[PDB]
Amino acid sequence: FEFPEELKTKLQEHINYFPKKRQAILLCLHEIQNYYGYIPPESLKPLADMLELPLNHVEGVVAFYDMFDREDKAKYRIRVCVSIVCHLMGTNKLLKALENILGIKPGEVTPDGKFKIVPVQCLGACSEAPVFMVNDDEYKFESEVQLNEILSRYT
């Protein structure tokens, strides 16, 4: 397994960015998941080599940080907050609307591999509860009609 050059360039830049290269491990993992739609298990050995780290160190890191996913590939991660404030203001309405539209529950990926719903802890936007992200973009949920419009932006 070798990365495409395109991806390798970006990884190298993160590694050169910090004073020590191992400090770039999280930026590298973000970049990989962004590029593949997940962290391929086979990516970790060649990443460890670039970071000058042992594999088992990288495995432990991927395991510790909940943003990273090694199981399911998805083009768009719909992160839905399930913490206290969003719960009060209508997480359950958001999840139902997602189920009505996409036909999937938290932890599931649509059959086309397009969208995965990912339950997350507080996203630090509690005043705009209930909150969700679609990859990097972040929104308050107002209604099913409004959610349907937002999701239509991601092709």
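For every residue, the number given is its place in the sequence shown, counted from 1.
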{"property": "Residue stretch of maximal mean CA temperature factor, 4 to 12 vs 145 to 153", "result": "4 to 12"}
{"property": "Stretch with the greater mean C-alpha B-factor as recorded in the entry, comparing 40 to 48 against 87 to 95", "result": "40 to 48"}
{"property": "Residue with highest C-alpha B-factor in the PDB entry, from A129, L29, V118, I104", "result": "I104"}
{"property": "Per the PDB entry, maximal CA B factor within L53, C122, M67, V61", "result": "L53"}
